[PDB]
Every structure is written in C-alpha cells, then in structure tokens.
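Enquirer: One structure, pasted below without further comment.
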Number of protein chains: 4
Amino acid sequence: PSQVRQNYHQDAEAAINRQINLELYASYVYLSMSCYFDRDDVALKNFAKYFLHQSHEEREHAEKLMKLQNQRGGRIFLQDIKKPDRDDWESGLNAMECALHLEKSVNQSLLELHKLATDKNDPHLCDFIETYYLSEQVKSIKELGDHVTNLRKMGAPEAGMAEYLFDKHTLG
Amino acid sequence: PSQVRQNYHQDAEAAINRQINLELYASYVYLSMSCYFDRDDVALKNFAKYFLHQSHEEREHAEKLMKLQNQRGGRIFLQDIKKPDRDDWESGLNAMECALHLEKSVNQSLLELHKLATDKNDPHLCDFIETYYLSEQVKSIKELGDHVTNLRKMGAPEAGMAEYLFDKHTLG
Amino acid sequence: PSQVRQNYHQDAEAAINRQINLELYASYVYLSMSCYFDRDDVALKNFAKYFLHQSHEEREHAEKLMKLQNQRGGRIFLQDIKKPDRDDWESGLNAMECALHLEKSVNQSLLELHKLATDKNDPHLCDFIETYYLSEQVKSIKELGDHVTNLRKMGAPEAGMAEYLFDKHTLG
Amino acid sequence: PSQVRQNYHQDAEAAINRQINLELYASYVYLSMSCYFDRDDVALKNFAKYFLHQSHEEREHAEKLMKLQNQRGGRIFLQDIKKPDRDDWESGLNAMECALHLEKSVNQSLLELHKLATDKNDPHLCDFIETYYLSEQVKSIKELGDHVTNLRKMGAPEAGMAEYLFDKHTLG
C-alpha cells in the first residue's frame, strides 16, 4: 500500500470515507435551512446566519477528515451528496428540531466509527475522533437542545413574536 | 441639438424626465410617511427615521437622473410633484405595504425605461439603469417584503407590542 | 406568487436552480482535486491549496446565486451533488486541463442562462450575470490556460522537475 | 514503592525505559545524518539543518518520557545508546528513506506501548501517548513520505539538480 500506511485497517478507511460523505450531507442540509430562512416570506436573518455558519463548520469537519485520510495513507473515494429531505423547513422551531436530529445522527455515526477504531486497535484514530469530533458534537447537541427548549417555551411557532424575539436575542 | 448629444433619442429623453418626476413623487410620499410616524399619537421614531432616509435616497436618485440627462445632452423639463394619496398611513404595517407597492411601481417604470433604451440601441443608458437603479430597486423591494412579513408574523397592527418591538429591534 | 416577485419568469428561476447545482458540482470537483494532490505519493501542497481555494470560491458563487434566487422571489430547489468523474487526477497538468474544461462548461451554462434572461427581458438578471459571473469566468479560464501552457512547456508530466518547480514558483 | 505511584505497572515502567532508549537512539541517528550532510563533498546545508532539528526534537521527546517516568513514580534506568547503522548516508533521498523507516519503527514501538498500557488499564499513560507522541509520529511519517515522493519525482539522486533544488525550495 502507501509508504506511510501503518496500523490503518481497510474497514477504518471505508468508514472514514462514509463519515466524509455524511459530513458533506449535513453541510448541504444546513445550507438548505439557511436558504429557507432567507426567503422573503420567512425573513429571519439571524436564523439564516446561524445555519450558514453551521454549514461552513460541517464543511470544515469534512475537510479535516479528508486530511486525516490522506495523512494515514488511506485513499479518499467520494460519493454523491444526497439532497436534503425537504426544501420547506416550515419554522425556526422545526428547523432547530431537524438540526438536533441530524447532529445526533452524525454523533451516532461517529460513535460507531470510534467503536470500529477501538476494535481494530487504532489509538491514533480513536484519539483523533475524541479530540476533534465527539466533544464538538456533544456541545452542538446541547446548544440545539437549549434552542429548541427556549423556542418551545416562548410559544413558537404559534406565537408570532417568539421566533422574531429569539432571532433578535439568542441568535443576534 | 446639443454639441454633446450622440445616440440619445428624444423618446429616451422624455422617459428620463418622467422618471425624474416619479422619483421626486416617491421622495414626497416617503416624507409624508415619515411625518405620519412623528405624530404624538403614533410616536414611532425609528419608523420616521427609516422613511425620512428613504425620502432622501429617492431625492438622490432623482438628482442622479438629472445629472444623466444633462450629461447626455438632454434638457430637463420639470413637472408638478403630486401630493401623496393620503396623509394618514394608519399603521407601520400599512406604511410598509404602501412603500412596497410604491417601490414596485418605480421598478416597473424603470423596466419600461430599460426596454425603451434597449429598443433604441442606447447601451450607455441601459448600463446606467442596470448599474445604478435596478439592483437598488430589487434590494429595496426585498427589504420591504421582509419588513412586511416580519410585521405580519408578530401580529401587527392588532398586537400593540408588535410595531413597538419591530421599531426597537429591526429599525433601531 | 411571492410578494416581491416582479419580471421573474419561471424558466429563469429553474435555470438559476440548475446553475446552483452546477456550481456546487464544480466546488465538489475542485475538492476532489485538492484531496488528490494532498496524497503522500503525489505531495504537491501548492496544487492542493490552489484547488481548495477554487472549491471555496465555487461554493461562494453558488451561495451568491442562492441569495439572488431568494431576492427575486424565486424558490430554491436543491438536487443531488454528483460525484466527480474520477478520484485519481494523475498529474498536475491533467488536473489543470480538467479544471479548464470544467470552467469552460460552467461558462457555457452561464452564457445559456444569459441568453435566456435576455429573451425574457430580465435586465436585472442579465446585469447580475455579467457583473458577478462572466468576467470572473473569463479570467479563470485565461489563468487556467496560462497554467496549462506553462506546464506543457516545462515538460510536465514526463519531466519530473516541472510540476515541482511550477508548484514552487507559480502556485507558491 | 514510591509514595506517588498509583496504577503504574512494572511492565509499563520497563516499556517506558525502553522507549526512552529508542528515542535517544533516533536522536543519535538524526545527528549522524546531519553530520553527513555537513561534509564538504556533500554540502547540503538545509538537509543538515532539517536533520539536526529532527535530532533535537527526538531528544525533547526522550526528556518528556523521562519526566513522565519520574512523575508516575517509576525509576529511570538508562542503557547504552547504540551507534547508527552507517556513517555514509549516500544521498538526500536515501537519508529521507532511512528517516521514514526509523520513524515508522518508533511508531510501532509506541503502538506496542499503547497496547500494553491499554491492557494494564492505565488511562493516564494511554492518553499521554496519544496526546504527545502518536499524532506527532503520524505527522512526521507523512512529512517524510512527502519528501521521499518529491525527491523521487525530481530524479534524485541520479539527477544532480534534484537534491540541490529540493534543498533550496522545500527545506529552505
């Protein structure tokens, strides 16, 4: 194989490629959400900024995984980026709920990847996942849960003022 | 004609004079709106500031058209500036809706002017309209649509807090 | 339709959505190229940096088109991002040649979009395409052609020193 | 034993002492390489600087392991530092290849040490190895593989200009 490859199982390499695809898909979903909130009949600028930032950070995570794959001697094999499940996210509260579900699914994939790396005795891959992905995922999940709780308390989406004031005070 | 006139049809010159009058009328309408929100029984200072700024920008657009007319060798022929349709604009939401209708009417006049300039093969006039008027009009229309959407969501004008909080957070 | 929509044909809206997908695809292709040059058996850091920058600029172009679609009252409908045609780009010279072909294909799509917007008498869309996309595309095509010419002159990829010195002096 | 010793198996302590000796040996090998490139009939100053820096960093790694051994209550037992396998490294390309083999052997020893620490349930030792040694080793291996690939492409050592230009552009 590659001259630098050492203690890098093919199963881990394939799982890393799958995780790259999942991160790109999550970036795409966040881009779709941000474009939803930019609509003239939605018009929540701070929601759009929040989700655009989320999309960019997801792209950064995917590129970091790509760098990890090249650095361990693996070979990156890209796949199609699937379109998001919907183009109409219907509310700020529903978009935050969908983002929470998406981040938890990404976390579950990362935990399966860590279990695979632990089984193959790849401590570098395990430490990489723990240091750069698991803590960030847990923080993101907690932040989204806080957002969903606050939006639910204020009466969103039935209360019209709730999403507006949340956009101004929390995301502003 | 004028020593500088070249590829400047009389139809374009008359249409430019009409557009000057329309821009002055829009400035006058915005001034009337700003004076409405300065009333002691309305008292929305940021609404008044927003519409006064809009009035000043329409005046600047009219003066730029005047400079264009003199620069191409045309002769400016002024007309009466008609009074606005009403002095009581009844709410922030109704004023934003009327502003949206007004900006769209100005956009329609600009599009007709661009079609006339295209038909007469006046690329300088076409490029001038595209560079200084059409993009600004589209941005203004999108901004007003966003304002109307947000005010409608918050329950304006039936919800008393909606126009106040919109004045503080969006226009403040 | 949307409260802000004016002089925006449905054909133009669909073509804009297609162009968004094409820009995202080109960003993906550039990401694949950048990951190719980061491999340990390729190891051309400035090539990888160049193509990563190209990917990021393509993503920015796609987001600008998304903003344009929302600003004119259109509705963004996303599609799957197809995977690039290959994961092994085989040389710096072949990657630059493929990038040249890709940029020319994007230019051809932009020219078809401009012809459609001209036929529908949408001067705002025409001016938007000319101001933000056509000049950048022409500059990018000229730059890539210059790169391909220089790499061909130096004997790439048969001459081993050529791609290395081009990486150091032109892309460095 | 020592008043501070807790969850520190004797096997781990002996393995740490062996790793200290291996790091000192690698520092010595890098010093020999740097002295080879300082010769008047070799005269590659940036190669010598690169390998001298590698020697110093290896010495730093050994001293950090010594601090870890004293901090966990272990006792450092030093051994003879074996001389390098050769004094004539014959080329820049051969020296980089030997450095790659050496770093991979050090990585293999570190992975065996991590497996031993995992088996003894010493999470502090495991985390120490992952945080300070495994990532640095992987980065060093990738860097050396990149260097070897680039030198091989440019025609080293048969092409006389290759090692000179690599010394100037990559190591300079």
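Residue numbers start at 1 in each chain; chains themselves are named A, B, ... in the order of the structure tokens; ligands are numbered from 1 in the order shown.
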What's the 8 Å shell around residue 58 of chain C, counting only C-alpha atoms, without same-chain residues fewer than 6 positions away, as a list in words?
Expert: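 The residues that qualify are residues 23, 24, 26 and 27 of chain C.
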Enquirer: Least-squares superpose chain A on chain C across all ordered C-alpha pairs, then write out what you get as an mmCIF file with C-alpha atoms, in the first residue's frame.
Expert:
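See superposed-v5.cif below for the written result:
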```cif
data_model
loop_
_atom_site.group_PDB
_atom_site.id
_atom_site.type_symbol
_atom_site.label_atom_id
_atom_site.label_comp_id
_atom_site.auth_asym_id
_atom_site.auth_seq_id
_atom_site.Cartn_x
_atom_site.Cartn_y
_atom_site.Cartn_z
ATOM 1 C CA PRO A 1 -46.530 34.174 -6.077
ATOM 2 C CA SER A 2 -44.092 35.885 -3.727
ATOM 3 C CA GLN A 3 -44.893 39.462 -2.731
ATOM 4 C CA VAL A 4 -41.535 40.666 -4.118
ATOM 5 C CA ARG A 5 -41.600 38.796 -7.440
ATOM 6 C CA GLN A 6 -41.629 41.073 -10.489
ATOM 7 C CA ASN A 7 -40.427 40.362 -14.052
ATOM 8 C CA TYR A 8 -39.054 36.970 -12.943
ATOM 9 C CA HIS A 9 -40.032 34.186 -15.335
ATOM 10 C CA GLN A 10 -40.277 30.588 -14.134
ATOM 11 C CA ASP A 11 -37.811 29.469 -16.817
ATOM 12 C CA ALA A 12 -35.192 31.833 -15.381
ATOM 13 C CA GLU A 13 -35.894 30.513 -11.870
ATOM 14 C CA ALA A 14 -35.433 26.894 -12.980
ATOM 15 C CA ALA A 15 -32.251 27.804 -14.874
ATOM 16 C CA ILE A 16 -30.890 29.548 -11.763
ATOM 17 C CA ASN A 17 -31.556 26.401 -9.718
ATOM 18 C CA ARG A 18 -29.694 24.334 -12.332
ATOM 19 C CA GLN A 19 -26.777 26.789 -12.216
ATOM 20 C CA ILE A 20 -26.686 26.499 -8.409
ATOM 21 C CA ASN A 21 -26.359 22.730 -8.783
ATOM 22 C CA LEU A 22 -23.605 23.124 -11.396
ATOM 23 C CA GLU A 23 -21.618 25.484 -9.151
ATOM 24 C CA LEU A 24 -21.913 23.061 -6.220
ATOM 25 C CA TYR A 25 -20.728 20.247 -8.503
ATOM 26 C CA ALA A 26 -17.699 22.285 -9.597
ATOM 27 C CA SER A 27 -16.866 23.012 -5.949
ATOM 28 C CA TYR A 28 -17.026 19.261 -5.287
ATOM 29 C CA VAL A 29 -14.743 18.506 -8.262
ATOM 30 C CA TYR A 30 -12.188 21.041 -7.020
ATOM 31 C CA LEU A 31 -12.339 19.484 -3.546
ATOM 32 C CA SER A 32 -11.603 16.076 -5.092
ATOM 33 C CA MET A 33 -8.628 17.537 -6.989
ATOM 34 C CA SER A 34 -7.254 19.188 -3.847
ATOM 35 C CA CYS A 35 -7.544 15.900 -1.968
ATOM 36 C CA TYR A 36 -5.692 14.152 -4.798
ATOM 37 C CA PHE A 37 -2.719 16.481 -4.504
ATOM 38 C CA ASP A 38 -2.599 16.020 -0.714
ATOM 39 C CA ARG A 39 -1.771 12.315 -1.155
ATOM 40 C CA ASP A 40 1.592 11.103 0.114
ATOM 41 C CA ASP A 41 2.514 9.699 -3.318
ATOM 42 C CA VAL A 42 1.605 12.991 -5.040
ATOM 43 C CA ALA A 43 2.563 15.607 -2.412
ATOM 44 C CA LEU A 44 2.078 18.921 -4.232
ATOM 45 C CA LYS A 45 0.956 21.254 -1.449
ATOM 46 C CA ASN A 46 0.539 24.393 -3.560
ATOM 47 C CA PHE A 47 -1.561 22.498 -6.125
ATOM 48 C CA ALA A 48 -3.791 21.303 -3.274
ATOM 49 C CA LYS A 49 -4.050 24.837 -1.865
ATOM 50 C CA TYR A 50 -4.912 26.225 -5.315
ATOM 51 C CA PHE A 51 -7.692 23.705 -5.883
ATOM 52 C CA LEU A 52 -9.051 24.078 -2.334
ATOM 53 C CA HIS A 53 -9.264 27.835 -2.915
ATOM 54 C CA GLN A 54 -11.054 27.142 -6.209
ATOM 55 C CA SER A 55 -13.539 24.894 -4.372
ATOM 56 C CA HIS A 56 -14.235 27.597 -1.787
ATOM 57 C CA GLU A 57 -14.759 30.297 -4.432
ATOM 58 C CA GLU A 58 -17.146 27.999 -6.311
ATOM 59 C CA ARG A 59 -19.136 27.476 -3.110
ATOM 60 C CA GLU A 60 -19.263 31.271 -2.704
ATOM 61 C CA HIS A 61 -20.604 31.630 -6.262
ATOM 62 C CA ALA A 62 -23.320 29.053 -5.543
ATOM 63 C CA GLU A 63 -24.354 30.855 -2.346
ATOM 64 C CA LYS A 64 -24.494 34.166 -4.237
ATOM 65 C CA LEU A 65 -26.836 32.557 -6.774
ATOM 66 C CA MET A 66 -28.937 31.272 -3.859
ATOM 67 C CA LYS A 67 -29.165 34.812 -2.469
ATOM 68 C CA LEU A 68 -30.152 36.077 -5.926
ATOM 69 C CA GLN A 69 -32.910 33.459 -6.185
ATOM 70 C CA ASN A 70 -34.343 34.390 -2.789
ATOM 71 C CA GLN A 71 -34.009 38.109 -3.533
ATOM 72 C CA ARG A 72 -36.037 37.943 -6.777
ATOM 73 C CA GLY A 73 -38.826 35.926 -5.139
ATOM 74 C CA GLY A 74 -37.812 32.580 -6.596
ATOM 75 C CA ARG A 75 -37.743 29.372 -4.593
ATOM 76 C CA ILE A 76 -34.550 27.331 -4.314
ATOM 77 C CA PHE A 77 -34.950 23.622 -5.095
ATOM 78 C CA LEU A 78 -31.795 21.632 -4.390
ATOM 79 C CA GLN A 79 -30.721 18.427 -6.120
ATOM 80 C CA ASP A 80 -28.093 15.764 -5.531
ATOM 81 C CA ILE A 81 -24.477 16.831 -5.988
ATOM 82 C CA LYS A 82 -22.966 14.285 -8.362
ATOM 83 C CA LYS A 83 -19.593 12.785 -7.541
ATOM 84 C CA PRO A 84 -16.629 13.805 -9.722
ATOM 85 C CA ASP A 85 -15.765 11.670 -12.725
ATOM 86 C CA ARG A 86 -12.557 10.359 -11.141
ATOM 87 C CA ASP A 87 -10.658 10.254 -7.860
ATOM 88 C CA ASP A 88 -7.209 9.894 -9.492
ATOM 89 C CA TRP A 89 -6.326 13.063 -11.417
ATOM 90 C CA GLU A 90 -2.969 11.554 -12.490
ATOM 91 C CA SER A 91 -0.866 14.770 -12.706
ATOM 92 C CA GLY A 92 -0.866 18.496 -12.132
ATOM 93 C CA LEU A 93 -1.143 19.046 -15.888
ATOM 94 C CA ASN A 94 -4.150 16.738 -16.254
ATOM 95 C CA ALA A 95 -5.827 18.376 -13.256
ATOM 96 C CA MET A 96 -5.349 21.845 -14.761
ATOM 97 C CA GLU A 97 -6.673 20.583 -18.111
ATOM 98 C CA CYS A 98 -9.755 19.112 -16.422
ATOM 99 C CA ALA A 99 -10.245 22.351 -14.480
ATOM 100 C CA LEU A 100 -10.068 24.297 -17.755
ATOM 101 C CA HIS A 101 -12.712 22.043 -19.316
ATOM 102 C CA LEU A 102 -14.896 22.379 -16.206
ATOM 103 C CA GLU A 103 -14.656 26.183 -16.114
ATOM 104 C CA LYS A 104 -15.470 26.372 -19.823
ATOM 105 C CA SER A 105 -18.536 24.167 -19.289
ATOM 106 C CA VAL A 106 -19.661 26.428 -16.429
ATOM 107 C CA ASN A 107 -19.089 29.412 -18.734
ATOM 108 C CA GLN A 108 -21.244 27.792 -21.422
ATOM 109 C CA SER A 109 -24.045 27.250 -18.904
ATOM 110 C CA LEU A 110 -23.735 30.890 -17.807
ATOM 111 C CA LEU A 111 -23.928 32.067 -21.429
ATOM 112 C CA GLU A 112 -27.067 29.980 -21.990
ATOM 113 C CA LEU A 113 -28.513 31.485 -18.797
ATOM 114 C CA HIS A 114 -27.722 34.999 -20.045
ATOM 115 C CA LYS A 115 -29.360 34.243 -23.400
ATOM 116 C CA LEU A 116 -32.473 33.001 -21.591
ATOM 117 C CA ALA A 117 -32.582 36.112 -19.386
ATOM 118 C CA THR A 118 -32.138 38.350 -22.442
ATOM 119 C CA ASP A 119 -35.002 36.574 -24.227
ATOM 120 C CA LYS A 120 -37.316 37.058 -21.230
ATOM 121 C CA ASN A 121 -36.376 40.773 -20.910
ATOM 122 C CA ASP A 122 -34.970 40.432 -17.402
ATOM 123 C CA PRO A 123 -32.283 43.153 -17.361
ATOM 124 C CA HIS A 124 -31.577 42.720 -13.641
ATOM 125 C CA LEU A 125 -30.706 39.041 -14.130
ATOM 126 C CA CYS A 126 -28.634 39.847 -17.231
ATOM 127 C CA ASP A 127 -26.653 42.550 -15.427
ATOM 128 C CA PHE A 128 -26.188 40.291 -12.391
ATOM 129 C CA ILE A 129 -24.715 37.535 -14.578
ATOM 130 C CA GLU A 130 -22.420 39.952 -16.431
ATOM 131 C CA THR A 131 -21.211 41.734 -13.293
ATOM 132 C CA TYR A 132 -20.576 38.783 -10.984
ATOM 133 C CA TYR A 133 -20.081 35.661 -13.121
ATOM 134 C CA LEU A 134 -18.984 36.207 -16.734
ATOM 135 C CA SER A 135 -15.880 38.333 -16.078
ATOM 136 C CA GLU A 136 -14.716 36.018 -13.282
ATOM 137 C CA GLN A 137 -15.249 33.001 -15.545
ATOM 138 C CA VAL A 138 -13.252 34.570 -18.382
ATOM 139 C CA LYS A 139 -10.408 35.466 -16.003
ATOM 140 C CA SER A 140 -10.382 31.949 -14.523
ATOM 141 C CA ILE A 141 -10.317 30.359 -17.987
ATOM 142 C CA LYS A 142 -7.408 32.583 -19.052
ATOM 143 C CA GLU A 143 -5.499 31.768 -15.848
ATOM 144 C CA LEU A 144 -6.003 28.013 -16.294
ATOM 145 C CA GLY A 145 -4.959 28.194 -19.948
ATOM 146 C CA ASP A 146 -1.792 30.017 -18.895
ATOM 147 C CA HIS A 147 -1.098 27.326 -16.280
ATOM 148 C CA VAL A 148 -1.608 24.524 -18.816
ATOM 149 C CA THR A 149 0.650 26.247 -21.357
ATOM 150 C CA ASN A 150 3.427 26.751 -18.806
ATOM 151 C CA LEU A 151 3.223 23.168 -17.514
ATOM 152 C CA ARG A 152 3.288 21.807 -21.078
ATOM 153 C CA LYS A 153 6.349 23.917 -21.949
ATOM 154 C CA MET A 154 8.337 22.729 -18.911
ATOM 155 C CA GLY A 155 7.835 19.095 -19.962
ATOM 156 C CA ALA A 156 5.174 18.013 -17.478
ATOM 157 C CA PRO A 157 4.351 15.317 -16.510
ATOM 158 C CA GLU A 158 7.250 13.421 -18.121
ATOM 159 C CA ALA A 159 9.818 15.878 -16.758
ATOM 160 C CA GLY A 160 9.762 15.207 -13.030
ATOM 161 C CA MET A 161 11.138 18.618 -12.069
ATOM 162 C CA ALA A 162 8.448 20.515 -13.995
ATOM 163 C CA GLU A 163 5.471 20.029 -11.673
ATOM 164 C CA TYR A 164 7.660 20.575 -8.599
ATOM 165 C CA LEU A 165 9.113 23.859 -9.873
ATOM 166 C CA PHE A 166 5.700 25.022 -11.113
ATOM 167 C CA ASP A 167 4.292 24.282 -7.646
ATOM 168 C CA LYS A 168 7.071 26.356 -6.071
ATOM 169 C CA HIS A 169 7.198 29.316 -8.466
ATOM 170 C CA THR A 170 3.720 29.802 -9.945
ATOM 171 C CA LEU A 171 1.411 28.401 -7.260
ATOM 172 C CA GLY A 172 3.781 29.298 -4.410
#
```
Enquirer: Can you list, as JSON, numbers by chain, all residues belonging to segment 3-159 of chain A that DSSP tags as helix (DSSP H, G or I)?
Expert: {"A": [10, 11, 12, 13, 14, 15, 16, 17, 18, 19, 20, 21, 22, 23, 24, 25, 26, 27, 28, 29, 30, 31, 32, 33, 34, 35, 36, 37, 45, 46, 47, 48, 49, 50, 51, 52, 53, 54, 55, 56, 57, 58, 59, 60, 61, 62, 63, 64, 65, 66, 67, 68, 69, 70, 71, 92, 93, 94, 95, 96, 97, 98, 99, 100, 101, 102, 103, 104, 105, 106, 107, 108, 109, 110, 111, 112, 113, 114, 115, 116, 117, 118, 119, 123, 124, 125, 126, 127, 128, 129, 130, 131, 132, 133, 134, 135, 136, 137, 138, 139, 140, 141, 142, 143, 144, 145, 146, 147, 148, 149, 150, 151, 152, 153]}
